[PDB]
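If you want the building blocks of each chain, they are given just below.
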Amino acid sequence: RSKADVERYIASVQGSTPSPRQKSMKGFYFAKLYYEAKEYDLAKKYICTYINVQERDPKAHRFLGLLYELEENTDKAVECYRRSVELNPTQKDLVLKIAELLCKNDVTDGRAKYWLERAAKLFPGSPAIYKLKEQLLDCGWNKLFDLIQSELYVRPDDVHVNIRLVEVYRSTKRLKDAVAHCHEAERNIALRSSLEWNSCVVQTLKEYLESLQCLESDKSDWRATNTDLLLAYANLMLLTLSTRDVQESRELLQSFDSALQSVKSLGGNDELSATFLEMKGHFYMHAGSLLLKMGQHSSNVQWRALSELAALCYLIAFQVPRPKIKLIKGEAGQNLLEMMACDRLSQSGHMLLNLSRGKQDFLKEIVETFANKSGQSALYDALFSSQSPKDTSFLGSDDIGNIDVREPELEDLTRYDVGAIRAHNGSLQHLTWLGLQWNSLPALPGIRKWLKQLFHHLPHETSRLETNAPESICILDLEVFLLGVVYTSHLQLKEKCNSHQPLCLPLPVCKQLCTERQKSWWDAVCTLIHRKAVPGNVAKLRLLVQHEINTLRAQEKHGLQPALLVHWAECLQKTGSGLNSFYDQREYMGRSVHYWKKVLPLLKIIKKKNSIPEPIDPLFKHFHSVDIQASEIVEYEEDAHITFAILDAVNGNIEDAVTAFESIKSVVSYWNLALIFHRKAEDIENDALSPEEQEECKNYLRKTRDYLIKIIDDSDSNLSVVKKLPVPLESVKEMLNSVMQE
Amino acid sequence: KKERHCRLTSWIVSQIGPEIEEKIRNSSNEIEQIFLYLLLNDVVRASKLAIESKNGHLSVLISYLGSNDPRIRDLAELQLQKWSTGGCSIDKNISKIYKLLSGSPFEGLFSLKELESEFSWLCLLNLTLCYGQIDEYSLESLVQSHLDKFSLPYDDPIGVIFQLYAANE
Amino acid sequence: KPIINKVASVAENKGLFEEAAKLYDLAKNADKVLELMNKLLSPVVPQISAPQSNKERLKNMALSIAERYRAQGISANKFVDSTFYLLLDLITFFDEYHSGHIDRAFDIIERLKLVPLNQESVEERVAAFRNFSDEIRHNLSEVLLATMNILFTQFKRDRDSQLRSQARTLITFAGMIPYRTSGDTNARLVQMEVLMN
Amino acid sequence: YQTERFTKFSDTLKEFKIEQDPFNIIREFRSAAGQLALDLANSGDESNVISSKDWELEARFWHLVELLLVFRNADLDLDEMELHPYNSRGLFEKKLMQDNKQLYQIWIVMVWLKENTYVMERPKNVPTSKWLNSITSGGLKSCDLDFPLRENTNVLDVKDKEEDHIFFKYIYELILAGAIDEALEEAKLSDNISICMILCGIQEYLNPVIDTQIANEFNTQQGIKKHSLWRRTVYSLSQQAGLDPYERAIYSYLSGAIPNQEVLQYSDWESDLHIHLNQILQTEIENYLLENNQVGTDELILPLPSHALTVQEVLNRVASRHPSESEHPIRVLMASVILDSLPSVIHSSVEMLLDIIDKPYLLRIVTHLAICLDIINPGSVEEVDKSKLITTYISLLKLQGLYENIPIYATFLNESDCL
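Here, residue numbers run from 1 along each chain following its sequence as written; these need not agree with the numbering used in the entry, and residues that have no coordinates do not appear. Chains carry letters and ligands carry numbers; both start at the beginning, A for chains and 1 for ligands, and go up in the order they are written. Although these chains sit within a larger assembly, the values stated refer solely to the portion shown. Excluding hydrogens and water, the side-chain figures rest on all heavy atoms present in the structure.

Its PDB record attributes the structure to cryo-EM, giving the resolution as 37.0 Å.

In structure tokens:
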């Protein structure tokens, strides 16, 4: 548009509605286009005339206030917002604005204070609220300090406020207190995950090292503060790699390597030495992740060479032993250090594998070719510019001795993951990554154990299942949730690459793998459970969780594709069928039967080749990639009937369970048939009782033996059956040994 | 169709205006006045007088005149049959008003046809056109419906025009 | 049902497809509606959709038949039906391509899995072309060129290796496929790949 | 067994974290509380009737939460409605409810309020026909509702009035419950045709033919064109005494007014709040219509108030009118949700742990709500507040000896490390 387009429309509606009232009632819609044509002295008079006839419109009044804001006329802009706010109270964002503008222009009047109080209760403890609290105070040093401290009491997890405390300490040049709080705050799990906080941590420490106060004071605690810098570097590196661009991440590596080189000389056998050990591993791991980031964008020749280089890095990291935990002063410190160790082994572990699955014993070649010191120079070359002095760089001086070149064992990997769930504050990013990394492996992850490590004493299943109130959240709900998040995530990435490996991406490099909806839910239920919510936001968080519960439980209007339900059903059956206790068996089998009972009606319509009613804004994205086909229907009906029988057996309907189990000659039905025949024998096997009954009792133990043998016979013959076993093969053999010795 | 209908009925009201206003001048009974206001197609003043003369329920009922709500139609007729089967006594003008709500004020069994002798033929035709069953009928077949119930004077030309209008086919 | 097919049948025999479709669609005979709709679309797939054109007037009726056939769960045999919804996707691919929305248009063609972009998919995609409706094979020439010209434009704006690899893929596919104007097309495809390097 | 409770809630959380939509959590929370509400209620010590009501209340809270957060959050913005002046008032009303979310929220809340309203059982032995007693005594010269209004109420037999009372009270309860269809059925079937007809005036005018954009929902014109009239007519009728107090109450509700004292004195927090939101709503629509010249001057028979309250203020007034009820801790949350000041109140009751410990439901509810919130709206409740809440609730899972299900709640902090 131009000046002609808008001023010519004057004659357009002037010739359609010529009376003064309708001429002025079009002022807002006249002014609508002058704001777009960069006319603010003109747009002002157009809207102001519509306000002369439509004086009760909150939109028009705000629009003039927003226009007076561009004019920087605070007194006029504020008044306009006031009118729109008093007309319509639901305009929260305007209550902030008024409070925001009143504190910036002049604080002498209490009106600025009043509007700030309201702004606080509309946005409980938002980042802007404190900003305004500091602004109002600005219009003395001790005064500011008390605000931050009183603010930190109730908001200790606020990144910005804690940063300001370090800045206030630094302004009074009492850096020892700055690091002291910086050290006591590196125990906070939330702050450790904040990119901007860790950046502040790196500076305030370095400043203290060079500070005159560090030398004069003493050289005893010098080592203590030095440890935190390395820790900060590791956290900062993890975060910078994910969010920041290629250039910034590489630059952080040089500071990390400089610190490592400056630290190794002291050595010793204390926390600092142990910290250097674990941080050393992180360096290569992140360096490997850093390497893979560059190659992804680059060509194929560089990719293989870089991935080759990265594989060595991850390998170096994985080899590094578990740090000496006992050697730390406190329980918090040592637990932290171990947590990071698990994270290192887990992340590097999966990467090592995903890179080694590409070829046969691909790992062996990597070591045999690049473990040579020539690789050390090829690594420094690709990562850094050769101009920097290669003497004080830790990378160039490390003694790469006897690389284990042994691929990781799954069992070890599981306990690394489980121990590192709390590494990144259980971000759904973290878990959705792990869940995907295990999606390609033959052994499945202990999700139920992950959740127990996060939400302690959260019941497996809530008694009050009738309602969806989120006080009834259960580890099953979460377990059911993560399954969909990963099943959804995998399909989304599968679709992406098809248009354009998905497993090979390292955790920092990849972007959000879940929908912001899913992430919002997890963050909500997490903040709620851990009791780090906000009294004001409690009701909102609570409802946000409540919204999705009815889907995790397949209730009214669940956005669940039939394939995802089936996946939930079987994934819970086999998860539960391998559990030892009855409580857990019952619960997981119950939910599995539940989801089954919801699918079968859909499968029957799908069985006759009809259409499923597609969802409305589903929580778990539908995909035709995994849409159920008639070829697989009869199998699910069968696999479901097993899940029914299993629950019947656990409840007590043995007669119907056996009748069903025997109907289908499946490997799993044997283990169930055997397991329940053994129980009927063992209890009655040795007490004084009718001899005829004793013979019938022994007869069952004879059936147990036979079914276990059928399992092993069919198992050893075919591999596909080995994977169908509801429990491990060695566990089946274990029972048989005891069964026959009975 | 709505436009045409509205103009025709505004015009008829222009014509019958003084006749009815005279009649309202001479009435000694409030409910009768309410009815006459309905004769001038003034639902609001009927409702108001009802309100004022303490006839409030009727007043509410009145507000339906000119929406053709078939529910209200069959309900009004029902009330009328129940009265006209026992109903020891119902006020002479309330029944008239209910008959208007019935949508078939002559076409009926509580019929306003006898008002043939008290009102201009045009006045009654106004009743058919305003209440009468506007939506279901075309203007023509509606007018025709009315004419089928009453012979007009041969010599009257505004009569003739209505007949030619309704005669359509 | 019979006469509507009788009247639809003759008008079909008189090349009045746009009418025979409306008539067959009146009797809810989707086997014939989608058949004819396949013929009316294939010629106009790569064309420029402009106001009041023959593309708009046919695309807009095809979409009005796609909704009413999904909302009512109607469909012809998968051969006729698959081709019908496939053309509708392609018509969207060129409407986005002719508008300059390169990124958006590239994403659509990727979903269809019609043209291979990674060397591994060449074997299966080549086999699929053999049994795809000739109303699709006809427009293969314009699809390869648009897709190439898409990668071609994105190149002038690692990623370079990825485009280069995909460029190659299109060529080998086109090399193994005998199709319309394979001569001029296969040559142009190779030239555009050379300029990339 | 009942000391199972926490399981149910915990159970729901399990299922959610494990099928990796979150609105189901809350839906289940609701059902859970409702199920429990039934347990304590059926056969119980009269110490249980109290905590039974605190569960029913619990449940209603989860429901309200679901409704509002579903509407607010599942907001994916649809297509704007383009009206013309020729369009009926019906369409303008619809447009209003589409475009103004602040006000639709009021609707949502009223719907919830109605949902949970008590209605008496249908009156038995209802008589064959209306005012039969007066007719039989002789002395009804007219059989129309307005006859005893035209001249002294002494006309109507006592028993007839007593029955009219039974009727109008029942109709009123049904109206407050949203049971408009049932009210029309009762009117029809109980020989109250004229009252029925009155209830039909509730609808604004639509014509499927003119108002095209609803030619789906309707095949026939319906509703009444001169509604501002209707409304004054009803309101005036409502102010005319010598009518039964419940009948007047009905007309009050229909006109967007506040029913007479005799009836209003028995209305509780919910009932009263409902009444006043109805008022806000009615006033706001009629104003919307005036700002668009869809009201005709002839119809402004009478003055009705034009100034709509804010939900904030209605709540404040109803609060001061029902302090006991107002102050009940889940009903405070109810209001907090209604005003959206919800994390606001979370952080608040958090600081009340630093007479919240005295009532058992509270600490649980706030925690599970906070969880739900941050699930549905990541960021919602301050990280710290989640920590504090779960910390304290977990220590109660310990005091109850249900360590079994603590990991589930852990899944929200790296602080979990410390367990």
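1. Description of the overall build of chain D
The way it works is that DSSP assigns letters per residue, a run of H or I at least four long becomes a helix, a run of E at least two long becomes a strand, and they are numbered from the N terminus. Across its full length, chain D carries 21 helices and 1 strand. Taking all 419 residues of chain D together, 59% fall into the buried category. By element, 50% of the accessible surface of chain D is carried by carbon and sulfur atoms, the whole surface being about 17,800 Å². Each residue is placed in one exposure class: buried if its accessible area under a 1.4 Å probe, protein chains only, is under 20% of its type's maximum, exposed if it is over 50%, and partly exposed if it falls in between. Note on areas: Shrake-Rupley with a 1.4 Å probe; residue coverage comes only from the protein chains shown.

2. Focus on the side chain of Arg-553 of chain A
Along the polypeptide, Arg-553 of chain A turns up in the loop between helix 29 (538-552) and helix 30 (562-577). Among the polar contacts listed, one links the side chain of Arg-553 of chain A to the side chain of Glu-15 of chain D, at a separation of 3.3 Å. For this analysis, a polar contact is any N or O atom pair within 3.5 Å, provided that within protein one partner can donate a hydrogen and the other can accept it, and provided that sequence-adjacent residues contribute only side-chain to side-chain pairs.

3. Some details on the interface of chain D and chain A
Bring the parts together and some accessible area is lost; that lost area is often taken as the interface size. The contact criterion used throughout is that any non-hydrogen atoms of two residues lie within 4.5 Å. With 117 residues of chain D in contact, the opposing surface of chain A contributes 111 residues. Salt bridge, as applied in this entry: a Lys or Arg side-chain nitrogen positioned within 4 Å of an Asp or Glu carboxyl oxygen. There are 7 salt bridges connecting chain D and chain A. Linking chain D with chain A are 206 residue pairs in polar contact, by the criterion used here. Listing elements by their share of the side of chain D that touches chain A, those giving two or more residues are helix 1 (6-17), strand 1 (18-19), helix 2 (23-41), helix 3 (48-73), helix 18 (342-351), helix 19 (360-376), helix 20 (383-399) and helix 21 (407-410) of chain D. No other element matches the 15 residues that helix 19 of chain D contributes to the side of chain D that touches chain A. Note on residue classes: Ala, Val, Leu, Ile, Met, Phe, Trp, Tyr, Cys and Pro are nonpolar, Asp, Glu, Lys and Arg are charged, and everything else, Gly too, is polar. Split by residue class, the side of chain D that touches chain A holds 60 nonpolar, 30 polar and 27 charged.

4. Things to note about helix 29 of chain A
Here helix 29 of chain A contains 15 residues, and its C-alpha end-to-end distance of 21 Å stays within 8% of the 21 Å for a straight helix at 1.5 Å per residue. With 15 of its 15 residues buried, helix 29 of chain A lies for the most part within the structure. Multiplying one less than the number of residues by 1.5 Å gives the expected span of a helix.

5. Things to note about the pattern of salt bridges
Counted according to the given criterion, the structure contains 72 salt bridges over all chains. For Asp-270 of chain A, the salt bridge is made with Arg-223 of chain A, and the minimal N-O distance between the two is 2.5 Å. Here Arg-223 of chain A lies in helix 16 (residues 222-243) and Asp-270 of chain A lies in the loop between helix 17 (246-264) and helix 18 (271-297), a separation of 47 residues in the sequence. Relative accessible area serves as the criterion here: at 29%, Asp-270 of chain A is assigned to the partly exposed category. In this structure, the salt-bridge partner of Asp-272 of chain D is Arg-321 of chain D, at a minimum N-O distance of 2.7 Å. In this pair, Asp-272 of chain D sits in helix 14 (residues 269-291) while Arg-321 of chain D sits in helix 15 (residues 311-321), placing the two residues 49 residues apart along the sequence. Accessibility expressed as a relative area gives 1% for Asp-272 of chain D, which makes it buried.

6. Thoughts on the nonpolar core
Definition of nonpolar core: a set of buried residues of the types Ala, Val, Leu, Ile, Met, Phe, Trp, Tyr and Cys, connected through side-chain atoms within 4.5 Å. Counting 337 residues, the largest nonpolar core has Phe-455, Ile-473, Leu-478, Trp-521 and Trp-522 of chain A together with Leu-13 and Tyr-409 of chain D as the members making the most contacts within it. At 12 residues, the largest contribution of residues to this core is made by helix 19 of chain D. Grouped together as the second largest cluster of nonpolar side chains are 62 residues, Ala-8, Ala-21, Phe-129 and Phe-173 of chain C included.

7. Considerations on the packing of helix 27 (residues 475-499) of chain A against helix 30 of chain A
Residue and element names in this part refer to chain A. Comment: axis = line fitted to C-alpha atoms, over the contacting stretch for helices; angle = value between 0 and 180 degrees taken between N-to-C directions. Contact pair helix 27 / helix 30: the axes reach a minimum separation of 10 Å and the direction vectors enclose 130°. Accordingly, the angle class assigned to the pair helix 27 and helix 30 is oblique. For the element pair helix 27 and helix 30, the recorded crossing hand is right-handed. Here helix 27 contributes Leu-476, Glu-479, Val-480, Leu-483, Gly-484 and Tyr-487 to the contact with helix 30, which in turn contributes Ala-563, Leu-564, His-567, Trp-568, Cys-571, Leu-572 and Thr-575. The class makeup of the residues in the contact of helix 27 with helix 30 is 9 nonpolar, 3 polar and 1 charged. Should an angle fall under 35 degrees it is taken as roughly parallel, and over 145 as roughly antiparallel, whereas 65 to 115 is taken as roughly perpendicular and any remaining angle as oblique. By convention the crossing between two helices is left-handed if the near helix lies anticlockwise of the far one by an angle smaller than a right angle, and right-handed if it lies clockwise.

8. A word on the state of the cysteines
All names here are of chain A. Pairs of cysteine sulfur atoms within 2.5 Å are identified as disulfides in what follows. Under the counting rule described, the total for this entry stands at 0 disulfides over all chains. Note on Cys-514: no disulfide assigned, nearest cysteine sulfur contributed by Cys-510 at a separation of 10 Å. Under the relative-accessibility criterion, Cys-514 is labelled buried at 9%. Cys-514 provides the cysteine sulfur closest to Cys-526, a residue in no disulfide bond, and the two sulfurs are 11 Å apart.

9. A closer look at the packing of aromatic side chains
Between 30 and 60 degrees the pair is tilted, below 30 it is stacked and above 60 it is edge-to-face, where a pair is any two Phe, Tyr or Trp rings, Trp via its six-membered ring, whose centres lie within 6.5 Å. Evaluated as defined, the whole model comprises 45 aromatic pairs over all chains. For the pair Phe-6 of chain D and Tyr-393 of chain D, a centre-to-centre distance of 6.4 Å together with 50° between the ring planes defines the contact as tilted. Summarising the burial analysis for this pair, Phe-6 of chain D and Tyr-393 of chain D share the class buried. An aromatic cluster is present here, built from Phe-455, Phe-481, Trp-521, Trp-522, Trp-568, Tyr-595 and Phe-620 of chain A together with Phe-16 and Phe-412 of chain D joined pairwise through their rings. Between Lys-710 of chain A and the ring centre of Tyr-707 of chain A, over which it is positioned, the NZ or CZ distance is 5.3 Å. Criterion for a charge above a ring: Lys NZ or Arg CZ within 6 Å of the ring centre, and within 35 degrees of the ring normal. The cationic tip of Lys-23 of chain B hangs over the ring face of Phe-119 of chain B; the distance from NZ or CZ to the ring centre is 4.9 Å.

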